[PDB]
K.L.:
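Once you've had a glance at the structure underneath, I'll fire off some questions.
Numbers here are sequence positions counted from 1. Read the numbers this way: they start at 1 and go in the same order the structure lists the ligands and their atoms.
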Amino acid sequence: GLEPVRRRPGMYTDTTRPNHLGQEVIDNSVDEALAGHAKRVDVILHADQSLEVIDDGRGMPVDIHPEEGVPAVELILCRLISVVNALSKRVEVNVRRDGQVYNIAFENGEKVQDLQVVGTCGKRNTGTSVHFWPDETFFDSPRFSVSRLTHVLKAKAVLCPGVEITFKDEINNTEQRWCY
Ligand SMILES: CCNC(=O)Nc1nc2c(C(C)=O)cc(-c3cccnc3)cc2[nH]1
């Protein structure tokens, strides 16, 4: 369950700010890049202080695996990036795989929208988007530190030469691009 994360968030993340939540989502995108599948990772800091991370990798698995009765993506989000889900007022996950666009959404660590096919796309159009709204009640400050995000993303870009990383800050109206 995710209740224990909500009871003691500081046992699971840096509760100073939601930056570490951001890093966890970023790490998963970067992993797809390191695995050789993603060529671009975009991060967007929205005006409402929610963070959105998108990669053009293979897309999180949406199928139901033998043994499991629930879509892989749901397990990934709910089975203890599940910490991000636990500590967010809302999380929206969208996946492009197999020429279909899939959506699923959570609030307060609980699913509020079943995995649903909501569109179609090119066969080569693949990737994962995670957009989350941290619950301010778990953090000393709800504000993402922009400098900390930039240090992190510069660090990831150098770790993955050839992968493009972008950061769009819709609060301060800047965009940065790295590609080493
Ligand atoms: C915005 C965060 N990005 C992200 O989570 N990307 C991403 N995350 C994943 C994962 C998991 C487990 O998180 C698995 C596969 C994957 C692995 C094997 C075959 N097909 C897809 C692909 C992925 N791509």
K.L.:
Can you tell me how far OG1 of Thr16 sits from CG of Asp14, rounded to the nearest 0.5 angstrom?
P.N.:
4.0 Å

K.L.:
Consider only side-chain N and O atoms of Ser129 and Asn94, and report whether a donor and an acceptor are under 3.5 Å apart.
P.N.:
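Looking only at side-chain atoms, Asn94 and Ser129 do not form any donor-acceptor pair under 3.5 Å.
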
K.L.:
Would you mind checking if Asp56 and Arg96 are paired as a salt bridge, meaning a charged N to carboxylate O distance below 4.0 Å?
P.N.:
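Between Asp56 and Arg96 there is no salt bridge, as every charged N stays at least 4.0 Å from the carboxylate O atoms.
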
K.L.:
Around ligand 1, what residues show up once you keep those with a heavy atom under 4.0 Å from it?
P.N.:
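Around ligand 1, where the cutoff is 4.0 Å for heavy atoms, the contacting residues are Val25, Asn28, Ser29, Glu32, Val53, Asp55, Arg58, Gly59, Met60, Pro61, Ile76, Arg97, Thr128, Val130.
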
K.L.:
Does the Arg6 side chain pair with the main chain of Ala86, one donor and one acceptor, at a distance under 3.5 Å?
P.N.:
yes

K.L.:
If you round to the nearest 0.5 Å, how far is CD1 of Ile104 from CD of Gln116?
P.N.:
9.0 Å

K.L.:
Would you mind telling me which of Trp133, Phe139, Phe138 makes a side chain to side chain contact (heavy atoms under 4.5 Å, CB included) with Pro18?
P.N.:
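Only one of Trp133, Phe139, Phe138 forms a side chain to side chain contact (heavy atoms under 4.5 Å, CB included) with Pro18, namely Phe139.
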
